[PDB]
Amino acid sequence: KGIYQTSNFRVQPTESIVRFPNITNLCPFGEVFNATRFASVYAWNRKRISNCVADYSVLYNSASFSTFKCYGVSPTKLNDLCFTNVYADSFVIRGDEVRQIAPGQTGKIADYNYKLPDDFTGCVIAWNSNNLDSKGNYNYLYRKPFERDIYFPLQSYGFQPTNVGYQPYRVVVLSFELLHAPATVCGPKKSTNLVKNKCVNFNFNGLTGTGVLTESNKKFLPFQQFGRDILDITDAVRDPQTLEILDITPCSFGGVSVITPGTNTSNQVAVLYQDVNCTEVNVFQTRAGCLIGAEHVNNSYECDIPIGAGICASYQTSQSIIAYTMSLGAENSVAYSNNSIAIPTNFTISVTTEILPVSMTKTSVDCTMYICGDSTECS
Amino acid sequence: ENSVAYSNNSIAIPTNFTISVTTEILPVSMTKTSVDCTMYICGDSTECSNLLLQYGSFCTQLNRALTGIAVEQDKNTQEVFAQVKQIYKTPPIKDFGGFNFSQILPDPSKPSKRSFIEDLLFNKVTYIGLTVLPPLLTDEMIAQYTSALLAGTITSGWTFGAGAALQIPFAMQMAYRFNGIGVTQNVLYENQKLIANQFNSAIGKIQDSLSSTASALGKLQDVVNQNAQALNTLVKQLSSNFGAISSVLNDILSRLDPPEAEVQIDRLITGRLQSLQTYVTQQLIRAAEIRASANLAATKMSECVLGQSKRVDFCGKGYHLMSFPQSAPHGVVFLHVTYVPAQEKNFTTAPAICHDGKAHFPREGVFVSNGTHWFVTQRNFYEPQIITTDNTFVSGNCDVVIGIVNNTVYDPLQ
Amino acid sequence: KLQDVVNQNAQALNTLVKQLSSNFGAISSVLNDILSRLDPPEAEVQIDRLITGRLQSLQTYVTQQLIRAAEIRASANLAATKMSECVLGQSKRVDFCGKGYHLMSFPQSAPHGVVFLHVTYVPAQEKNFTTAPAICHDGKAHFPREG
Amino acid sequence: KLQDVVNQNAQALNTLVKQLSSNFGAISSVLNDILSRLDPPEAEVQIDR
Amino acid sequence: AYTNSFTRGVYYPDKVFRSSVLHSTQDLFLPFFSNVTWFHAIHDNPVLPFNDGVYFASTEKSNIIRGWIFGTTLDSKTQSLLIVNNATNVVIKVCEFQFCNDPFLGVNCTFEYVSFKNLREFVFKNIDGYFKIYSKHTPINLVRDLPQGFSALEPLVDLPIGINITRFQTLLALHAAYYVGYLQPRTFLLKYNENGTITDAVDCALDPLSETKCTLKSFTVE
């Protein structure tokens, strides 16, 4: 007999809601990957990219690329994503040196000029260019993260068409900026209609989550994109298609407790869905939650199974689980007056019993035999 | 620096008292939080839940530890307040010998029945898988249990603890409370308006204390502040990176494939698991600190309210007369009534009186001199009785005692 | 109250031993099936996950056991105090040595505990009487010495 | 009963300070002899241990 | 020529709504009670450093101050930001400009953008290649000094330009006074009211009480 927490229940999202920018210009990746010349790595070009739609499968499915190394994103995820700016960096190197363009590698290029950040989020896309740039072509030439840098400190490569990493290699670095600002670049993901007052799997400018969206009373200032509360949980958001501000409420959840008499008595049970309205789930609503399968009774009895908030349940009369407000005891108006005393004319001798723990099992656990056990390699 | 005016024959006896209602405030329970460790650590993600199962039983023993705390906060609230076997109620006519309990007994005018003093106490104290379970005893049932403890204490004294409640007039109960502290009961009946007006005035000072000074509730507000600061810390730890690329789990899962994402998510699982094991350890040590206060509040309810206490400075400073439990948010407040002796005179004294060559010693009380005549007084209130064979007993002769004095002892049969 | 302490001792040992079967992010939870499969540069990366997980599992058990030992010591000090005051004495402390006015107590031992058979006088059969604080006689007021 | 409390305070401080000498799986237990040997991509992996 | 910037040059640090909360932030703010250099426009407008970004302010009745110039040389050796404001439009350009030795408004451009009784406040700062402008316009009745009150600047534009800056100069119409104070990396505790307007702030390096308020995350310390 008791109340057992068996499970957690959560209202699942009914459908998925994507609100990205209402933008239709495709991003200028064609100008990055099909330039008339590529810069020498001493003087590498930087192109910002913004207010456009970025298809990355157009790049990743192109069999022409020799590598597509992505360090804080996976290339098949890039169409699901929104970023503030992309920053495409473009230059040419020797094929023996592409392996230096990673976040913490070292060498004559990476330790001097084109150093990647220790936390680089982005892709490095590179390919051979012997069919375009070999001649040799003594013009391609080399001299803090992302530093531009403008006997001599400058030397050049020996690219001839007979040269494999001895060939000219062409590299584009896509340095995706995931800061908390207007995500001016987003993938080709088709945006869907808005849904409100219902639990949904939402995604606003890449702010993926799940919740009941409701129209806010809060006055955002025109520069704000979303809202917090007392802790750093997102409490409200702005839709990119119409600038109304929506609360996010988390979809309804709670513990599920099974109120049962003992199986030695009965198999009939009642189920308490904690902290929810029954509309979200022979039904009753208590401050503890929605209670299902227990009959509410206007009587009050001692607390057999404690549900909470003054409600208890028990198994009674052919029989069922009942729920009721618990009784504290019989109402004894003591017969007081300024000249009345009651004196006991007889006693009773009661042997009570009081049971106390005094000691507990003297365990000892040999931590080396537990953690490792007979192994020197682990010891 | 009080140099006490001691000498081998000087005693000071208080010629008057003061009745002080002290106040003692005790934590009894704390917020019945329950934190769904999978919804906290992972939250709506199967990709993280399937990793969290690799760490095994930890989540189930965290939910067990917080359920063990949450059950015992009802055990604490039940053991402190449910000392009483029935709900006693006071009569419609309040002839308690002049003692004015109207400020500590419930008022039917309130939407939840509570006393005037209980409403001062209830005013003066202020979603990522975390939840608060309700207490089993709602604050209206705590107010019915303290009203039964009040209506027991006021109509029947300690007798409602020891058996069935037997009524006794309140001026006659307080004459038992005086007899208990070794003040002879005629000191109450002959000063009954003074003792009633001092109790009524001292109950008046409690309202002014609790209204003027919010830090009077400081021992309860500090427990509510520790419950809230530990939940705020546990929720702030959801924003920390722990060495992952990001602290938001959907912005890992939307960016990365499983071979990469599982390396990042194991840092957030390891950090959020360390953050929950820190919270549950702090909460288990804090639950042991509240249970040690609930057992003390249950013991002050058993000994000060259901009884009268001989334990010096246990039931407030002074010689204890009685106590009234008022409930407060997650605690209890005891209004300890104490007799304090107040207005001394210095007297000459003797251990024994030499009369008829015999030595006489006081049965109850002390010998004292007003400078011309010798009297025996009760110890805790100056009431001089002429020395007789009725208030003194003989032993031996005048030789054996260091400091005995010669005087007559009167024989009432003469 | 005793069977619950034996159940908590057994449930904490069963949890501590169940945590030996967990992977913690290693390839396997049995240490010999790492060591028989892998060379030292590889095996030490897997075994550090099981060392870190089993060390966290033992520091959890010993922390629970230290908090639980403080809870049993607070009960042993109460049982020692009920032995000193109820058995070796008679108690004026209301409802300490059982409900009623305390007469005496008998300690019986129990597995990892003690049981006190508290004998108490309970008053049982009231009559209502009229009463007075004092009796006026000879113009004097008389008060009862006891009673 | 007092000397045992002073002994427990001192033994817990001695254990806490002895744990500064342990490697925990890093290349070394002295933080300056990581930082003077290694660059940030390498040193941050050792220092996290 | 100097004055004291009481509790001035605080701005909304990120594009997030917050309300009824005390947020502890670390950014390039103007320190509380700092010395600010107070120039006269006549007898004349000198070139100033741009050490971490600046709080710039103007007092006016007729808006005679109508732009700013920024860079490291201001002589066509390198790119320079020019901001001009004819009150009907802001115009912004980054060209390799050849400026005159005395710049004024008469009565290789890789980026372009277009959009006393008044105190006009501006905060200019560089972060990761974005040149950010925060601004506010307020009514005051004081030419001599900055006002003793708190007011929070709201973002006016962020322009991604990728340009190095160490110097700047304000420019005016050629047919008055202006203030310059330099930002510093500071922790601040910022108070957001019920509307999510920031109405007060604590500079966590000013004095031991501000360092205590900022430690407790509260504007009252018991």
# chains A, B, ... in the order shown; residues from 1 in each chain; ligands from 1
$ residues_around --residues "residue 95 in chain A" --least-positions-apart "4" --cutoff "8 Å" --atoms "only C-alpha atoms" --output "VMD selection string"
chain A and resid 128 164 to 169
$ select_by_dssp --residues "range 4-36 of chain D" --states "helix (DSSP H, G or I)" --output "JSON, numbers by chain"
{"D": [4, 5, 6, 7, 8, 9, 10, 11, 12, 13, 14, 15, 16, 17, 18, 32, 33, 34, 35]}
$ write_last_selection --atoms "N, CA and C atoms" --output "mmCIF file, in the first residue's frame"
data_model
loop_
_atom_site.group_PDB
_atom_site.id
_atom_site.type_symbol
_atom_site.label_atom_id
_atom_site.label_comp_id
_atom_site.auth_asym_id
_atom_site.auth_seq_id
_atom_site.Cartn_x
_atom_site.Cartn_y
_atom_site.Cartn_z
ATOM 1 N N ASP D 4 41.291 14.829 18.810
ATOM 2 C CA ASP D 4 40.761 14.129 17.636
ATOM 3 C C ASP D 4 40.102 15.071 16.614
ATOM 4 N N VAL D 5 39.488 16.175 17.048
ATOM 5 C CA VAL D 5 38.916 17.190 16.144
ATOM 6 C C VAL D 5 40.011 18.017 15.485
ATOM 7 N N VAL D 6 41.042 18.411 16.234
ATOM 8 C CA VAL D 6 42.216 19.090 15.671
ATOM 9 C C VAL D 6 42.953 18.176 14.693
ATOM 10 N N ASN D 7 43.082 16.886 15.009
ATOM 11 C CA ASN D 7 43.680 15.891 14.123
ATOM 12 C C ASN D 7 42.857 15.696 12.843
ATOM 13 N N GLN D 8 41.521 15.678 12.897
ATOM 14 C CA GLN D 8 40.672 15.596 11.702
ATOM 15 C C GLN D 8 40.731 16.862 10.840
ATOM 16 N N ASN D 9 40.721 18.061 11.430
ATOM 17 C CA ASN D 9 40.937 19.304 10.681
ATOM 18 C C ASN D 9 42.292 19.303 9.957
ATOM 19 N N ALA D 10 43.373 18.920 10.640
ATOM 20 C CA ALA D 10 44.704 18.879 10.049
ATOM 21 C C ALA D 10 44.846 17.771 9.003
ATOM 22 N N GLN D 11 44.284 16.579 9.217
ATOM 23 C CA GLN D 11 44.364 15.479 8.251
ATOM 24 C C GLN D 11 43.588 15.777 6.963
ATOM 25 N N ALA D 12 42.467 16.493 7.038
ATOM 26 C CA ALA D 12 41.715 16.921 5.863
ATOM 27 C C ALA D 12 42.415 18.038 5.078
ATOM 28 N N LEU D 13 43.057 19.005 5.743
ATOM 29 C CA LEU D 13 43.927 19.973 5.066
ATOM 30 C C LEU D 13 45.167 19.315 4.460
ATOM 31 N N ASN D 14 45.826 18.388 5.155
ATOM 32 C CA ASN D 14 46.966 17.665 4.599
ATOM 33 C C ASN D 14 46.563 16.845 3.376
ATOM 34 N N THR D 15 45.406 16.188 3.386
ATOM 35 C CA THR D 15 44.919 15.435 2.221
ATOM 36 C C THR D 15 44.607 16.363 1.050
ATOM 37 N N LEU D 16 43.911 17.476 1.293
ATOM 38 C CA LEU D 16 43.593 18.480 0.279
ATOM 39 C C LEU D 16 44.844 19.078 -0.367
ATOM 40 N N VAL D 17 45.917 19.285 0.395
ATOM 41 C CA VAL D 17 47.194 19.792 -0.125
ATOM 42 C C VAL D 17 48.021 18.692 -0.792
ATOM 43 N N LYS D 18 48.002 17.449 -0.301
ATOM 44 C CA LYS D 18 48.608 16.302 -1.003
ATOM 45 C C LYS D 18 47.987 16.092 -2.381
ATOM 46 N N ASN D 32 52.706 25.228 -13.880
ATOM 47 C CA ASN D 32 53.716 25.988 -14.617
ATOM 48 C C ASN D 32 54.567 25.099 -15.536
ATOM 49 N N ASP D 33 54.780 23.829 -15.193
ATOM 50 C CA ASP D 33 55.537 22.876 -16.017
ATOM 51 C C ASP D 33 54.670 22.191 -17.087
ATOM 52 N N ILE D 34 53.366 22.470 -17.115
ATOM 53 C CA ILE D 34 52.527 22.309 -18.307
ATOM 54 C C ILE D 34 52.604 23.578 -19.156
ATOM 55 N N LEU D 35 52.342 24.744 -18.568
ATOM 56 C CA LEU D 35 52.198 26.014 -19.287
ATOM 57 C C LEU D 35 53.498 26.488 -19.953
#
$ residues_around --residues "residue 261 in chain B" --least-positions-apart "3" --cutoff "10 Å" --atoms "only C-alpha atoms" --output "list in words"
residues 72, 73 and 74 of chain A; 47, 48, 244, 245, 249, 252, 253, 254, 255, 256, 257, 258, 264, 265 and 266 of chain B
$ write_last_selection --atoms "N, CA, C and O atoms" --output "compact mmCIF listing (two decimals), in the first residue's frame"
# COMPACT_ATOMS: atom_id res chain seq x y z
N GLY A 72 33.11 22.77 -36.19
CA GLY A 72 32.08 23.05 -35.17
C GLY A 72 30.66 22.87 -35.69
O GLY A 72 29.70 23.35 -35.08
N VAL A 73 30.55 22.23 -36.85
CA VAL A 73 29.34 21.90 -37.62
C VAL A 73 29.67 20.66 -38.46
O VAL A 73 30.84 20.45 -38.77
N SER A 74 28.69 19.86 -38.85
CA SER A 74 28.88 18.76 -39.81
C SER A 74 28.26 19.16 -41.15
O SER A 74 27.19 19.77 -41.14
N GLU B 47 18.90 11.57 -27.78
CA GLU B 47 20.33 11.40 -28.07
C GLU B 47 21.20 11.53 -26.82
O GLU B 47 22.18 10.81 -26.66
N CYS B 48 20.82 12.43 -25.92
CA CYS B 48 21.43 12.55 -24.60
C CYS B 48 20.89 11.52 -23.61
O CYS B 48 21.67 10.98 -22.83
N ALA B 244 32.33 21.82 -23.40
CA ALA B 244 31.63 21.63 -24.67
C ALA B 244 31.72 22.87 -25.56
O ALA B 244 32.03 23.97 -25.09
N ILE B 245 31.40 22.75 -26.85
CA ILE B 245 31.32 23.90 -27.76
C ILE B 245 30.23 24.90 -27.38
O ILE B 245 30.38 26.10 -27.65
N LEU B 249 21.84 22.30 -25.48
CA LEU B 249 21.95 20.96 -26.05
C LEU B 249 21.41 20.87 -27.48
O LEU B 249 21.98 20.18 -28.32
N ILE B 252 24.05 22.01 -29.94
CA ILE B 252 24.98 20.92 -30.29
C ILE B 252 24.32 19.98 -31.29
O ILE B 252 24.87 19.71 -32.35
N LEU B 253 23.12 19.47 -30.98
CA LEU B 253 22.45 18.42 -31.74
C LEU B 253 22.04 18.86 -33.15
O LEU B 253 22.10 18.07 -34.09
N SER B 254 21.66 20.13 -33.32
CA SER B 254 21.36 20.72 -34.63
C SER B 254 22.61 21.02 -35.46
O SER B 254 22.50 21.12 -36.68
N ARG B 255 23.80 21.13 -34.85
CA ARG B 255 25.07 21.38 -35.56
C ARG B 255 25.87 20.13 -35.91
O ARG B 255 26.56 20.17 -36.92
N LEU B 256 25.83 19.08 -35.09
CA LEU B 256 26.79 17.97 -35.15
C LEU B 256 26.16 16.57 -35.36
O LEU B 256 25.10 16.26 -34.82
N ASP B 257 26.86 15.72 -36.10
CA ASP B 257 26.59 14.28 -36.26
C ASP B 257 27.02 13.43 -35.04
O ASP B 257 27.93 13.82 -34.31
N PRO B 258 26.42 12.24 -34.83
CA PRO B 258 26.64 11.43 -33.62
C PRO B 258 28.10 11.17 -33.18
O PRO B 258 28.34 11.29 -31.98
N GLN B 264 30.83 16.02 -27.37
CA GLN B 264 30.39 17.28 -26.77
C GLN B 264 29.35 17.05 -25.67
O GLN B 264 29.48 17.60 -24.58
N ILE B 265 28.34 16.23 -25.92
CA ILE B 265 27.26 15.98 -24.96
C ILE B 265 27.76 15.26 -23.71
O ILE B 265 27.30 15.59 -22.63
N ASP B 266 28.74 14.36 -23.79
CA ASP B 266 29.33 13.75 -22.59
C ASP B 266 29.94 14.77 -21.63
O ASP B 266 29.96 14.52 -20.42
$ interface_residues --of "chain A" --to "chain D" --cutoff "12 Å" --atoms "only C-alpha atoms" --output "PyMOL selection string"
chain A and resi 102-106+111+116-120
$ closest_atom_pairs --of "chain D" --to "chain B" --cutoff "10 Å" --atoms "only C-alpha atoms" --output "CSV"
residue,atom,partner,partner_atom,distance
D:44,CA,B:243,CA,9.9
D:45,CA,B:243,CA,9.9
D:48,CA,B:243,CA,8.4
$ residues_around --residues "residue 47 in chain D" --least-positions-apart "6" --cutoff "10 Å" --atoms "only C-alpha atoms" --output "ChimeraX atom specification"
/D:25-31,34-35,40
$ write_last_selection --atoms "N, CA, C and O atoms" --output "PDB file, in the first residue's frame"
ATOM      1  N   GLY D  25      45.999  12.119 -14.529  1.00  0.00           N
ATOM      2  CA  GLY D  25      46.086  11.771 -15.952  1.00  0.00           C
ATOM      3  C   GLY D  25      46.713  12.850 -16.843  1.00  0.00           C
ATOM      4  O   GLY D  25      46.879  12.631 -18.042  1.00  0.00           O
ATOM      5  N   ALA D  26      47.070  14.017 -16.302  1.00  0.00           N
ATOM      6  CA  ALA D  26      47.874  15.013 -17.002  1.00  0.00           C
ATOM      7  C   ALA D  26      49.330  14.544 -17.158  1.00  0.00           C
ATOM      8  O   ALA D  26      49.777  13.627 -16.466  1.00  0.00           O
ATOM      9  N   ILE D  27      50.108  15.192 -18.027  1.00  0.00           N
ATOM     10  CA  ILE D  27      51.550  14.917 -18.162  1.00  0.00           C
ATOM     11  C   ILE D  27      52.346  15.232 -16.889  1.00  0.00           C
ATOM     12  O   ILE D  27      53.357  14.580 -16.627  1.00  0.00           O
ATOM     13  N   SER D  28      51.907  16.200 -16.084  1.00  0.00           N
ATOM     14  CA  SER D  28      52.576  16.632 -14.853  1.00  0.00           C
ATOM     15  C   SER D  28      51.572  17.233 -13.876  1.00  0.00           C
ATOM     16  O   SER D  28      50.515  17.688 -14.298  1.00  0.00           O
ATOM     17  N   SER D  29      51.882  17.247 -12.584  1.00  0.00           N
ATOM     18  CA  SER D  29      51.034  17.810 -11.533  1.00  0.00           C
ATOM     19  C   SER D  29      51.344  19.262 -11.179  1.00  0.00           C
ATOM     20  O   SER D  29      50.599  19.858 -10.404  1.00  0.00           O
ATOM     21  N   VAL D  30      52.399  19.864 -11.741  1.00  0.00           N
ATOM     22  CA  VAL D  30      52.733  21.287 -11.542  1.00  0.00           C
ATOM     23  C   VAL D  30      52.307  22.093 -12.759  1.00  0.00           C
ATOM     24  O   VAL D  30      52.778  21.872 -13.870  1.00  0.00           O
ATOM     25  N   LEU D  31      51.427  23.068 -12.547  1.00  0.00           N
ATOM     26  CA  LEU D  31      50.737  23.768 -13.629  1.00  0.00           C
ATOM     27  C   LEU D  31      51.682  24.624 -14.482  1.00  0.00           C
ATOM     28  O   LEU D  31      51.535  24.686 -15.700  1.00  0.00           O
ATOM     29  N   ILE D  34      53.366  22.470 -17.115  1.00  0.00           N
ATOM     30  CA  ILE D  34      52.527  22.309 -18.307  1.00  0.00           C
ATOM     31  C   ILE D  34      52.604  23.578 -19.156  1.00  0.00           C
ATOM     32  O   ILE D  34      52.913  23.514 -20.341  1.00  0.00           O
ATOM     33  N   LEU D  35      52.342  24.744 -18.568  1.00  0.00           N
ATOM     34  CA  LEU D  35      52.198  26.014 -19.287  1.00  0.00           C
ATOM     35  C   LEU D  35      53.498  26.488 -19.953  1.00  0.00           C
ATOM     36  O   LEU D  35      53.464  27.060 -21.044  1.00  0.00           O
ATOM     37  N   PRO D  40      48.430  26.503 -26.292  1.00  0.00           N
ATOM     38  CA  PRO D  40      47.035  26.421 -25.856  1.00  0.00           C
ATOM     39  C   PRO D  40      46.196  25.224 -26.346  1.00  0.00           C
ATOM     40  O   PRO D  40      45.492  24.656 -25.513  1.00  0.00           O
TER      41      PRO D  40
END
$ interface_residues --of "chain A" --to "chain B" --cutoff "8 Å" --atoms "only C-alpha atoms" --output "JSON, numbers by chain"
{"A": [72, 73, 74, 77, 78, 80, 81, 208, 209, 231, 232, 250, 287, 288, 306, 307, 308, 309, 310, 311, 328, 329, 330, 331, 332, 333, 334, 335, 336, 337, 338, 339, 340, 341, 342, 343]}
$ select_by_dssp --residues "range 72-140 of chain E" --states "strand (DSSP E or B)" --output "ChimeraX atom specification"
/E:75,81-85,90-93,98,105-106,112-114,118-127,130-139
$ atom_distance --atom1 "CA of residue 143 in chain A" --atom2 "CA of residue 108 in chain A"
8.7 Å
